[PDB]
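For the protein sequence lines, the chains are LM, Lq, Lm, LV, Lr, LC and Lp, in the order given. For the first sequence, the deposited numbering assigns the number 2 to the initial residue and increments by one for each residue that follows. For the second sequence, the deposited numbering assigns the number 2 to the initial residue and increments by one for each residue that follows. For the third sequence, the deposited numbering assigns the number 34 to the initial residue and increments by one for each residue that follows. For the fourth sequence, the deposited numbering assigns the number 47 to the initial residue and increments by one for each residue that follows. Note that the fifth sequence covers residues 31 to 107, 119 to 316 in the deposited numbering. For the sixth sequence, the deposited numbering assigns the number 45 to the initial residue and increments by one for each residue that follows. Note that the seventh sequence covers residues 35 to 77, 89 to 142 in the deposited numbering. A quick write-up on the structure given underneath.
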Amino acid sequence: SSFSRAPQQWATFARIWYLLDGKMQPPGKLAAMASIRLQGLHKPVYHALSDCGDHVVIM
Amino acid sequence: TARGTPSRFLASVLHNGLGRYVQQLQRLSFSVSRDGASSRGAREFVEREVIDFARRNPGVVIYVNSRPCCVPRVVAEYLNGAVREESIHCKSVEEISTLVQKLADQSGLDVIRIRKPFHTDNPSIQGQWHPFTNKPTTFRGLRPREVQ
Amino acid sequence: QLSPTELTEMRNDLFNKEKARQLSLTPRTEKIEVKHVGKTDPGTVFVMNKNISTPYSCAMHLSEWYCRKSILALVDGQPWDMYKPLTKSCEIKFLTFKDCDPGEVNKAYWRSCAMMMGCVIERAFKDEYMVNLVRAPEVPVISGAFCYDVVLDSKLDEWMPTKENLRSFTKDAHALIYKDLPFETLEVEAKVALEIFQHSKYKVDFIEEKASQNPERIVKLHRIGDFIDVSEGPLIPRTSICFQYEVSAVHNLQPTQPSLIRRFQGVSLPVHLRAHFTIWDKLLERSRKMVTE
Amino acid sequence: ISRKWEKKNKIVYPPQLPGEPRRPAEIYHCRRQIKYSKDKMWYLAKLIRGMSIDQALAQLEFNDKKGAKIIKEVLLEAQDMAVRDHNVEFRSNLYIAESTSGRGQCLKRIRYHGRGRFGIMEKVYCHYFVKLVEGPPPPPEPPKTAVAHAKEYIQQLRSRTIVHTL
Amino acid sequence: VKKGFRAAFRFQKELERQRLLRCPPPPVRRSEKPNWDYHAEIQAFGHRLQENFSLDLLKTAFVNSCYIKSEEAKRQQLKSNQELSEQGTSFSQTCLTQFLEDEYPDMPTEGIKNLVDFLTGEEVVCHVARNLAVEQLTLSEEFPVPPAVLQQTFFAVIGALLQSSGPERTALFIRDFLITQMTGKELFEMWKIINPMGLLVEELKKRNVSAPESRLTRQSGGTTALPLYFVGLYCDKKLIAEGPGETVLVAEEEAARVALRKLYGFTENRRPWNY
Amino acid sequence: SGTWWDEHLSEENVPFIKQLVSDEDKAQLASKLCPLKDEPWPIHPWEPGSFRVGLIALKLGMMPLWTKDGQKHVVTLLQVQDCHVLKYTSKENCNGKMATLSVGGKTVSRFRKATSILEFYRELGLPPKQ
Amino acid sequence: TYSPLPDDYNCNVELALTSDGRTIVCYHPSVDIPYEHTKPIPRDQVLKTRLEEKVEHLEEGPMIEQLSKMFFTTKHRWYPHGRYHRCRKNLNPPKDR
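Okay, structure coming up:
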């Protein structure tokens, strides 16, 4: 990518603000995909000590 | 134990083997005694095997000190300022040859726990993954539910 | 014409070279004897260094309490600055705010606060406009406010400061108090004070009248950091002596011609005599009221 | 027993070059075999740690403890030896760097209980150690700011690496 | 008192090593350390570097002027480095500039010069000399060897190798022991710049390219304390660079640095050096 | 070092300060006695479902009281010392379904109140309430 | 007209097999962000513009709750640690690339 080390690290480990809708959705399915996104299990750089969670906004 | 001992990463001394290989052993000091039954094996090693080793390794300076001592020792000095003091007390000539050769093939870095048994300085070629990898762009870069 | 920055470092350079000249005039160490004749710890002899030692050095010999409470020093009966070097073997007596007759300490405090407010004004008004400092009138403590006379720009001949402007002046004074600068003192020749303050006709007139009143034409200069001013007498040791400070009011003097002289009035109280909020507000209102000399 | 505090006072230094800081004076003093508990003397020493010498003397003069009086005497004689032998310029220009209390040699006496039972009393003794350093007392460490807390959080976040991979 | 000698001797050794760890000795040169033989060390230096040095040239390359001055002073109570050091330094500048501008034809002269000054700089050359044990063979006045002295001694060794073996052989030596130091580092980690946007607009102007436009390609957060900005630099509606940052300005600066990297040929995925 | 209001005051200045602050407090009460003449807020008629403000009274004591069937009831005397509505908060501003009104009671010493308290009451033009 | 994956987020991937069928050749040039898909860049008369340096000192509770609201954490990250952990922490950690 030819980034510098600190911007490259910031870009890799930055947080994302995902949006999710209710409106006749099942809360268990909402909760499953929200739980994956909150843990950060959707990232290939995931590790439990890396604090790689993302924000999820459910309306 | 890993938690009770230091650790480091896999490394070379000065990018060794990239342009050329430089033997990291620099000096071998053999304290041996003339009359020691503990030093008999090192006496045989000085008699027979040290000449061929010194010829095979011209970059290593080998000092042999015959002095009254109870425990014969070898001190290996490595190019990065490393010092390894090892007892060759009551070892046969082939055990001493194995040990001295092993010292020759070592590098000066610590024999401690090595995390991550590989070391690259350019881990990615296509670009390291960031979240916006594998994410499509949007017309005018609009955020979700932007009123424009 | 010299910029405000460059007139500042040239004045600082002249002050430093004169101080170095006095220290070179006293090159060898010399022992003087100081007889503390105060009511407390009576008859105490110090053997101080000549033209290096201070009444603060004597107080530091005695105890920390004398350093923290001693605001002025009586050297042979005359008021002496706490950081002014001693010249002759004398008798000393430390003066605090809470004595039976603290009048000299009060005069030093009010003069110090006036000089601090003058520094605040000079470094508060803008580069495109012109500031000149006339003098600090020796106004009594009973009046309620310190006055500094400033000649301002003809572009600001009509301008009146607002409440936020006065609070900005107060914030700058509190910034000086927080910076906690010592009041450096120099007894200097009238000629030397003249080339220091040569770009101010009012300062030249003031220096000339002080040189007229004393025989040897020696005047007193004081410095807090980079601001240098001519003083009527001794000052307090450090700006951190001031605790409650406010630049209350700004007024025009009655003769507008030939030039408009604006009297800045402020009120202050030291740490050792800090007042309550309500009493301080009443002192604020009286300081906002007019003070005439 | 050991008297290394007194030997620390008798340590000497080489002469000073004219172009380096002034190396402020250090004065070591101790009192041994004080009929007092080392824990209570610890409370008094932890009171006077890091104070100026006059501040410590004021606090010990208006404290209400036998240990406070004893430590006040030790501090006064340490100040006297400071500006009598160690070339301290001003007697107020000292602060307490180290102030701690240690155990002394105690004695075992019997304490008669009920029945035929008994206990062992301990005639407790203690030492007091003090170190005076020339100069103003060091400023107290300012409390951590929200700017510094945000800074250290950002430094951890930028020190994160991708673990268990190339 | 328990009988015996072995436990007491072992505890004496334990006490000695604990005393050494509590009060460490001052550092002393390997010459005054016991096992030492200067001629053997010089021969082993040449042989482990696999170079056919001239022995007198190597000894004169290790002799410094400060050691000369200290040893007359000790006499009152021969050849220095300077010619060999100047030859080695000049050959290092010329040869390194040649390697750099042949491998990277698109760098301008300022960048080639800055890379050469990094490779012949104090830190890199002293690191190479220390881990090649030039310091152990260096005759000087003070220990540890001052970094200027060590750099001068290393370049005197380069000059001795040039005089003994030839320009191609010492070119191989310089290639190895300095391009291996250049290996793992980034262009603006070696050559410090101030205004990458200014350098980029100057380069695009001198190669006849319209001035770049910064645009917000990607954005996350924005109102929080941890924002993420990808700023893309475009030219004639065509992307030339992209860069991340925590703020918009630092993202734009990083995009300018990425543009400079791509234009100059120092990209992370460039072809590695051929050894 | 801790300080109180009359620490650095002389015997001549203590009663003067006391008299001055007492006269100021009585003047402020006299100024605040005429709200309707000053400027009323819009007075609205009582609508069902409305809730008006209460007050703060000092518990004075207890007294007997007989009712016309000859029956005794003991009553509590609560004295309204000085009630003053001091602050209004809108329904949007307060985290509640109803708006709020703050009422202050017994007059106390400015010397023994805190600084933010003193600034609040100085802006209101009233002496501080207990 | 067939693509195994959508071809608009990372790279235009084309799979191929050599004539002997012994190796698989992948061609994946990167996709570039379109200009139209981007977004344009975001944008006292008489005294000094005195520098507005106020630093209010919040006590520990308000300071920690403000930090927690800022960074979306709990309070336990911001509460301090003892000397045992502070001196157990490694101040010279190993560093690879």
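For every residue, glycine included, the Cβ atom is placed at its ideal position computed from N, Cα and C.
- Would you please state the rounded distance, in angstroms, between the beta carbons of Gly114 of chain LC and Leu130 of chain LC? I believe it to be under 8 Å. Actually they do not touch by this definition, with Cβ atoms about 45 Å apart.
- Item | Cβ-based contacts, 9 Å cut-off: residues of the region 175-199 of chain LV near chain Lp | Residues of the region 175-199 of chain LV with a C-beta less than 9 Å from any C-beta of chain Lp: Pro189, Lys190, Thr191, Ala192, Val193, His195, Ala196, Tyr199, listed in chain order.
- Name the two residues that bound the continuous alpha helix (DSSP H) containing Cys91 of chain Lm. That run of the alpha helix (DSSP H) goes 88-95.
- Query: Sorted by chain position, which residues of the same chain lie with C-beta nearer than 7 Å to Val174 of chain Lm's C-beta, five sequence neighbours on each side aside?
  - Reply: Counting only Cβ-Cβ distances below 7 Å, and skipping sequence neighbours, we find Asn139, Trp143.
- Query: How about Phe10 of chain Lq: is its C-beta nearer than 8 Å to some C-beta of chain Lp?
  - Reply: Yes, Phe10 of chain Lq counts as interfacial toward chain Lp.
- Query: Whose Cβ in chain Lp lies nearer than 7 Å to the Cβ of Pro137 of chain Lq?
  - Reply: Going along chain Lp in sequence order, the residues near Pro137 of chain Lq (Cβ under 7 Å) are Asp42, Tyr43.
- Beta-carbon contacts of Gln177 of chain Lr that lie in its chain and below 6 Å, excluding the five residues immediately before and after: Answer for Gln177 of chain Lr: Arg60, listed in chain order.
- Count the other CB atoms within 10 Å of the CB of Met167 of chain LV; is the residue buried (16 or more) or exposed (fewer)? By the neighbour-count rule (16 or more Cβ atoms within 10 Å), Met167 of chain LV is not buried but exposed.
- Query: Where do the N-terminal and C-terminal ends of the alpha helix (DSSP H) with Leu47 of chain Lm fall, by residue?
  - Reply: Per DSSP, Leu47 of chain Lm belongs to the alpha helix (DSSP H) from 37-58.
- Query: Which of the three DSSP states, helix, strand or coil, is assigned to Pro61 of chain LV?
  - Reply: Three-state result, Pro61 of chain LV: coil.
- Message: I'd like the span of the alpha helix (DSSP H) that includes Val101 of chain Lq, first residue to last.
- Response: 94-106 is the span of the alpha helix (DSSP H), which, as asked, contains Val101 of chain Lq.
- Message: Three or more C-beta pairs under 8 Å: does that hold for the region 7-26 of chain Lq against the region 108-124 of chain Lq?
- Response: By the criterion of at least three beta-carbon pairs nearer than 8 Å, the region 7-26 of chain Lq is in contact with the region 108-124 of chain Lq.
- chain LV contact for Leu103 of chain Lp (CB, 8 Å cutoff): With 8 Å as the cut-off, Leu103 of chain Lp counts as an interface residue toward chain LV.
- Message: Any beta carbon from chain Lq within less than 8 Å of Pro125 of chain Lp's own beta carbon?
- Response: Between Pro125 of chain Lp and chain Lq, the shortest Cβ-Cβ separation is not below 8 Å.
- What does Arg141 of chain Lq reach in chain Lp if we use C-beta pairs closer than 9 Å? Per Cβ cutoff of 9 Å: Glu70, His71, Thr72, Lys73.
- Task: Note down, in chain order, every chain LV residue with its Cβ under 9 Å from the Cβ of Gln111 of chain Lp.
- Result: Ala192, listed in chain order.
- Query: Going along chain Lm, which residues have a C-beta under 7 Å from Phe136 of chain LV?
  - Reply: Result: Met93, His94.
- Item | Proximity below 8 Å, CB of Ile109 of chain Lp to CB of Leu257 of chain Lr | For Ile109 of chain Lp and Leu257 of chain Lr, no; Cβs fall outside 8 Å.
- Message: Can you confirm whether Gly286 of chain Lr, when its beta carbon is compared against all beta carbons of chain Lp, has any partner nearer than 8 Å?
- Response: No - not a single Cβ of chain Lp is within 8 Å of the one on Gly286 of chain Lr.
- Item | Contact belief for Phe196 of chain Lr with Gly129 of chain Lr at Cβ below 8 Å, rounded distance in angstroms | Confirmed, Cβ separation roughly 4 Å.
- Message: Would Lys173 of chain LC and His128 of chain LC qualify as a contact pair, given that the criterion is a beta-carbon distance under 8 Å?
- Response: The answer is yes: Cβ separation under 8 Å.
- Query: Roughly how many whole angstroms lie between the Cα atoms of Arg57 of chain Lq and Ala3 of chain Lq?
  - Reply: Looking at the two C-alpha atoms, the distance is approximately 37 Å.
- Query: Are the beta-carbon atoms belonging to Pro270 of chain Lm and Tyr116 of chain Lm less than 8 Å from one another?
  - Reply: Yes; because the gap between Cβ atoms is below 8 Å, this pair is in contact.
- Query: Within 8 Å (strictly less), CB to CB, does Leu45 of chain Lr reach chain Lq?
  - Reply: Residue contact check for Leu45 of chain Lr against chain Lq: no CB pair falls below 8 Å.
- Message: Alpha carbons only, please: which of Lm:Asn247, Lm:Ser233, Lm:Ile261 is nearest the one belonging to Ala223 of chain Lm?
- Response: Looking only at Lm:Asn247, Lm:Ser233, Lm:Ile261, the smallest Cα-Cα distance to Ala223 of chain Lm is reached by Lm:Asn247.
- Inter-residue CB distance, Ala201 of chain Lr and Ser84 of chain Lr (contact presumed, cutoff 8 Å): Correct: roughly 7 Å between the Cβ atoms.
- When the cut-off is 8 Å and only beta carbons count, does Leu212 of chain LV lie next to chain Lq? Under the Cβ distance rule, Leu212 of chain LV counts among the residues neighbouring chain Lq, one pair being separated by less than 8 Å.
- So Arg141 of chain Lq packs on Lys73 of chain Lp, CB below 8 Å; how close in whole Å? Cβ-Cβ separation between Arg141 of chain Lq and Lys73 of chain Lp: approximately 6 Å, consistent with a contact (criterion under 8 Å).
- Check whether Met238 of chain Lr and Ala297 of chain Lr have beta carbons under 8 Å apart: The answer is yes: Cβ separation under 8 Å.
- Message: With three or more beta-carbon pairs closer than 8 Å as the criterion, would you say the region 247-258 of chain Lm touches the region 283-299 of chain Lm?
- Response: Between the region 247-258 of chain Lm and the region 283-299 of chain Lm there are fewer than three inter-stretch CB-CB distances shorter than 8 Å, so the stretches are not counted as touching.
- Task: Identify every residue that forms a DSSP beta bridge with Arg271 of chain Lm.
- Result: DSSP, once it has assigned bridges, lists Lm:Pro215 as partnering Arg271 of chain Lm.
- Separation of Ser64 of chain Lp from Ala50 of chain Lp, as counted between CA atoms: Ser64 of chain Lp has its alpha-carbon roughly 18 Å from the corresponding atom of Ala50 of chain Lp.
- Answer with buried or exposed for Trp48 of chain LC, where buried requires no fewer than 16 other C-beta atoms within 10 angstroms of its C-beta. An exposed status is given to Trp48 of chain LC, since fewer than 16 other beta-carbon atoms sit within 10 Å of its beta-carbon.
- Whole-angstrom Cβ separation of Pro37 of chain Lm and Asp160 of chain Lm, contact assumed at under 8 Å? Beta-carbon to beta-carbon, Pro37 of chain Lm and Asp160 of chain Lm are separated by about 7 Å, close enough to satisfy the 8 Å threshold.
- Task: Report the three-state DSSP secondary structure of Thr146 of chain LV (helix, strand or coil).
- Result: Reduced to three states, the DSSP call for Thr146 of chain LV is strand.
- Item | Environment of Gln193 of chain Lr [buried if 16+ CB atoms lie within 10 Å] | Buried, because 16 or more other Cβ atoms sit within 10 Å of the Cβ of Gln193 of chain Lr.
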